[PDB]
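**Student:** Here's a structure for you.
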Amino acid sequence: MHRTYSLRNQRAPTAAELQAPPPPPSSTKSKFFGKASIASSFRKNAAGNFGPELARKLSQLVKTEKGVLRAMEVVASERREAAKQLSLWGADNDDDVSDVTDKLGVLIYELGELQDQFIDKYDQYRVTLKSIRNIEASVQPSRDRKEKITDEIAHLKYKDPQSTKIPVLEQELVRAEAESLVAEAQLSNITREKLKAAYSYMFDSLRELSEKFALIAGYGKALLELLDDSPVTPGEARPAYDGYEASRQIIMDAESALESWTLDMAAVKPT
Amino acid sequence: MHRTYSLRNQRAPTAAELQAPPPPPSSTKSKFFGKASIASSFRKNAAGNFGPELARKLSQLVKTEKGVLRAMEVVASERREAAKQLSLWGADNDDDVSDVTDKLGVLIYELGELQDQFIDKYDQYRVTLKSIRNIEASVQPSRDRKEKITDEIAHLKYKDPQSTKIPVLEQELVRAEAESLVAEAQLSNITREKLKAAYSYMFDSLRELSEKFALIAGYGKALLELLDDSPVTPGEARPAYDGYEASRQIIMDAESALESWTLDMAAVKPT
Amino acid sequence: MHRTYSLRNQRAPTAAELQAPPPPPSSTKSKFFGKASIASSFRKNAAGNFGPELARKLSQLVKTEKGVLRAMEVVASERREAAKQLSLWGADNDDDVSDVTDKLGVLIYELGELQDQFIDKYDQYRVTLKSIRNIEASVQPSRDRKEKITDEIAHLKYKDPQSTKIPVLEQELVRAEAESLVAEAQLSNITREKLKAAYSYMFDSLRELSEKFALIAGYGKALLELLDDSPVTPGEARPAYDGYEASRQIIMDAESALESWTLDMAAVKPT
């Protein structure tokens, strides 16, 4: 992150914040738990309660992303209702506002739909995180077997070196040594390859959602241009709205840029 | 939106979907209400229960966005925990994975922080939506007075034209006519100006969040390049990690592009 | 401070830590309040209980440094006892150890004495912090008078513009305006000059204590050179100690460098 050289928690303002000062904190700071009700919070402790020690963190990790999915499902679905209600209010308004508002509802509807595709790809990233969780949890019992083996041979050797079980326990240590070694190496291999692929796919989904979000946001700015802000005095009639086809053409250009999106092209060019 | 010429609900695939087929639907389709618990749903009906008829839709609208804010608050805060837990797991892994993972946790932390600023600006857009709700709700009683006036004069005229209250009720109709006319005109004025300003600011916040999201996503892709996917065979040691400063420099370029973001420049260029 | 680009609290190791790994955390983590008993903690809240609002932070600040002084008084005095007890143990040991140990006790005694001078200068810095506290606390009642004045004139003007007290209250606002302005300007002046002088003197005391600490520490390292670590086998006598004058001369050089310390010279040369 970006932080200032001060004991204060507040960081240095961004160049974007220089032009527009940051708004006051949101008035939705509920005086409650604030973390996806109670069942999710109790579930969070349950992952580390009765799971393998090695995979306890991963058992939380994959399921924690389910909390991301469930919360984002509400965001996508409930914001979808906002587009429903927004375009509905356009009726009890003048024609110019009605056309702009319901068109904005279409654009927000697209915002929600793209979000839903993002949650689907997010689920796929969660699924492969579950897969690496599964193999790591399968590795753990071998570690259990190995430490049990060295514990027994150490205890038996301490008791007496003439025990007949130590000749076979020494080979059992070598047994488990090669046993654990082969899949410890592939555990690093599969973790590296799967994490790289999963997060490359996840960031690909993030880039897809991000650029689509930006394209609709900018074209909504162009859509908002057909919104007269003239302060008409009372007693005088309004000229009739005429930008019906102009807003219609704006959507067509939006759809044209929507259906012509390939990963080869990218307006965002990191340095 | 984009839909195909078919009675089927499924739409035509996007060019992005042509390269990568869409993933299967998420496994988080809970068999429950699925809309921000029950209190929000019961609250949604309450807005239209005991409110002014004109502002019933707006009373829902501004408060519905509070449901967006509350749900997004969970998303921002609970995904923030995912960055916490992800970087924590980097300990019980090789050094290369540890450096990449905790750096990814930093980038996701920035993702959450930018989300929080988005919710703050979203609250401001909700607040001005509350303001237009307030004035429209203040307009409603005049409509109540006007229809009551014409109802009384019509009923009195039907009963008898010689009633002494009709001479003053006729002027009362003109009274309320000019009364309602002046602020009906400004109601259209303030609704148009405030909606345009609020949604221009909201789309400005959306563009800000979108481009910042994309910048961090792309630089995370560059960060992921320092992740060897070589399938090392068991029994052979690994060369030591060396991309400590390379990943450090990647963040510096990310911060440099982060602190040098102005609305004058925009990589996204709509056609 | 120096922190790493990770959500982990642990920072990047220093170059000094690279040569010598950091030791495990101290075993003195008492399961108690741990902040200078209870009276100091209760006193800390008392400073902000019944004090002027403007000087509440400074009233804590100057007195908080008394907590530094009281705690450092214990450190200086109780470590002074450690030098007493250390040199005492030198009796029931061989002559070589006895000479080295009691000489080390002398050096630690000097360590304590220099600490005491540091606490004295620390008290002076605390005293001038009390002085700026006093003047700022004296400024506060004028702010009280000014806001009371504007409150009364606003309330009286709201009640009626014909009130006879408003003609004199308007001049009273100008009265307090020039009143507050003259010492607000000097408040900034005196705060800047006094804080600069106090912390320059405080850092001068810190530099004095620091370099004296280092000089005694290094000469103690030279003193420790007269300490044979040979593993003498049992049954063989030891050669008699002879470095009596060598350790005596080491102290003389230490005292010679001690009495020849001027602020013009400084081994520490910041870049």
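If you read the protein sequences in the order shown, they are chains A, B and C. With UniProt numbering applied, the first sequence corresponds to residues 1 to 271, in that order. With UniProt numbering applied, the second sequence corresponds to residues 1 to 271, in that order. With UniProt numbering applied, the third sequence corresponds to residues 1 to 271, in that order. Even for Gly, the Cβ is constructed at its ideal location relative to N, Cα and C.
#1: Touch check for the segment 143-152 of chain B and the segment 196-204 of chain A: three-plus C-beta pairs under 8 Å?
#2: Name the chain B residues whose beta carbon is nearer than 8 Å to that of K57/A?
#3: Compare the beta carbon distance of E110/C and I216/C with 8 Å and say whether it is the shorter of the two.
#4: So, helix, strand or coil for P167/C, using DSSP?
#5: Assuming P52/C contacts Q162/C (C-beta within less than 8 Å), just tell me the rounded distance between them.
#6: Give the interface partners of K103/B over in chain C, defined as CB-CB distance under 8 Å, in chain order.
#7: Assuming the contact rule is C-beta atoms closer than 8 Å, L69/B and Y5/B should be a hit. Round their C-beta distance to whole Å, please.
#8: Closer than 6 Å by C-beta to residue 273/A: which residues in its own chain qualify, once you throw out the five before and the five after it? Chain order, please.
#9: In this structure, does DSSP put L58/A in helix, strand or coil?
#10: Below 8 Å on the Cβ atoms is my guess for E211/B versus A267/B; work out the distance and round it to an integer in Å.
#11: Scan the segment 241-260 of chain B for residues whose Cβ lies nearer than 9 Å to a Cβ of chain C and list them as they occur along the chain.
#12: What does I135/B reach in chain A if we use C-beta pairs closer than 7 Å?
#13: Please list, in chain order, all residues of the same chain as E73/A whose beta carbon is under 8 Å from its beta carbon, the five residues on each side excluded.
#14: By the 7 Å beta-carbon criterion, what residues does the segment 200-218 of chain A contribute toward chain B?
#15: Check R11/C in the structure and name its three-state DSSP category.
#16: Quick one: residues in its chain with C-beta nearer than 7 Å to the C-beta of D92/B, no 5 flanking neighbours on either side, listed in chain order?
#17: Which residues of chain C have a Cβ atom closer than 8 Å to the Cβ of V106/B, listed in chain order?
#18: Contact check, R192/A vs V97/B under 8 Å by CB: the rounded distance?
#19: Under DSSP, the alpha helix (DSSP H) around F32/A begins and ends at which residues?
#20: Can you tell me which of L181/A, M252/A, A176/A, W261/A puts its alpha carbon nearest to the alpha carbon of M1/B?
#21: Could you name the residues of chain A that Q124/B contacts, counting a contact when the two beta carbons are closer than 9 Å?
#22: State yes or no: is the C-beta of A82/A within less than 8 Å of the C-beta of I108/A?
#23: Give the straight-line distance between the Cα atoms of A16/B and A214/B, rounded to the nearest whole angstrom.
#24: Go ahead and pull the three-state DSSP assignment for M1/B.
#25: Exposed or buried, which one is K103/A when buried takes at least 16 other CB atoms within 10 Å?
#26: Taking Cβ positions only, does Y109/B come closer than 8 Å to chain C?
#27: In angstroms with no decimal places, state the Cα-to-Cα distance between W89/A and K57/B.
#28: Could you confirm whether any beta carbon from chain A is found closer than 8 Å to the beta carbon of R79/B?
#29: Could you give the residue range of the alpha helix (DSSP H) that holds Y122/B?
#30: Mapping DSSP to helix, strand and coil, what is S180/A?
#31: Please report how far the alpha carbon of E172/C lies from the alpha carbon of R145/C, in whole angstroms.
#32: How many whole angstroms separate the CB atoms of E136/A and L181/A, which I take to be in contact at a CB cut-off of 8 Å?
#33: Would you say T64/A lies against chain B (beta-carbon separation less than 8 Å)?
#34: Note the first and the last residue of the continuous alpha helix (DSSP H) segment covering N45/A.
#35: From which residue to which residue does the alpha helix (DSSP H) around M252/B run?
#36: Out of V127/A, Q117/A, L226/A, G105/A, state which residue places its alpha-carbon closest to the alpha-carbon of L195/A.
**Tutor:** Considering the structure as presented:
#1: With contact defined as three or more Cβ pairs closer than 8 Å, the segment 143-152 of chain B and the segment 196-204 of chain A are not in contact.
#2: The answer, in chain order, is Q85, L88, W89, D92.
#3: Going by C-beta atoms, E110/C is nearer than 8 Å to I216/C.
#4: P167/C falls in the helix class under three-state DSSP.
#5: Not quite, the Cβ-Cβ distance comes to about 37 Å (not below 8 Å), so this is no contact.
#6: The answer, in chain order, is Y5, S6.
#7: Rounded, the Cβ-Cβ distance is 38 Å, inconsistent with contact.
#8: The first residue shown for chain A is 1 and the last is 271, placing residue 273/A beyond what the model contains.
#9: The answer is helix: DSSP assigns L58/A an H, G or I state.
#10: Rounded to the nearest angstrom, the Cβ distance from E211/B to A267/B is 7 Å, consistent with a contact under 8 Å.
#11: Taking 9 Å as the upper bound on Cβ-Cβ separation, chain C lies near residues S247, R248, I251 of the segment 241-260 of chain B.
#12: The contacting residues do not exist; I135/B stays about 14 Å from chain A at best.
#13: Hits under 8 Å: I119.
#14: Within the segment 200-218 of chain A, the qualifying residues are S200, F203, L206, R207, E208, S210, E211, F213, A214, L215, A217, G218.
#15: In the structure shown, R11/C sits in coil (DSSP, three-state: anything other than H, G, I, E or B).
#16: Same-chain partners within the cutoff: there are none.
#17: One finds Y5, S6, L7 in chain C with Cβ atoms closer than 8 Å to the Cβ of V106/B, taken in chain order.
#18: That pair is a contact at about 6 Å.
#19: That residue, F32/A, is in no alpha helix (DSSP H); it is neither H nor E in DSSP.
#20: Residue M252/A is the option with its Cα nearest to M1/B.
#21: Neighbours of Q124/B on chain A, chain order: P23, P24, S26.
#22: Between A82/A and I108/A, the C-beta gap is smaller than 8 Å, which places the two residues in contact.
#23: Between the alpha carbons of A16/B and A214/B lies a distance of about 16 Å.
#24: In the structure shown, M1/B sits in coil (DSSP, three-state: anything other than H, G, I, E or B).
#25: If you draw a 10 Å sphere on the C-beta of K103/A, you find 16 or more other C-beta atoms in it, and that means buried.
#26: By this cut-off, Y109/B is an interface position.
#27: Computed Cα separation, rounded: 6 Å.
#28: So, interface residue.
#29: Where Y122/B is concerned, the enclosing alpha helix (DSSP H) starts and stops at 95-159.
#30: Helix, per DSSP.
#31: Distance between the alpha carbons of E172/C and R145/C: 10 Å.
#32: Distance from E136/A to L181/A at the Cβ level is roughly 16 Å; contact not present, criterion being Cβ atoms closer than 8 Å.
#33: Chain B contact via Cβ: present.
#34: That run of the alpha helix (DSSP H) goes 39-47.
#35: First-last of the alpha helix (DSSP H) with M252/B: 244-259.
#36: Across the set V127/A, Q117/A, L226/A, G105/A, the C-alpha of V127/A shows the shortest separation from the C-alpha of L195/A.
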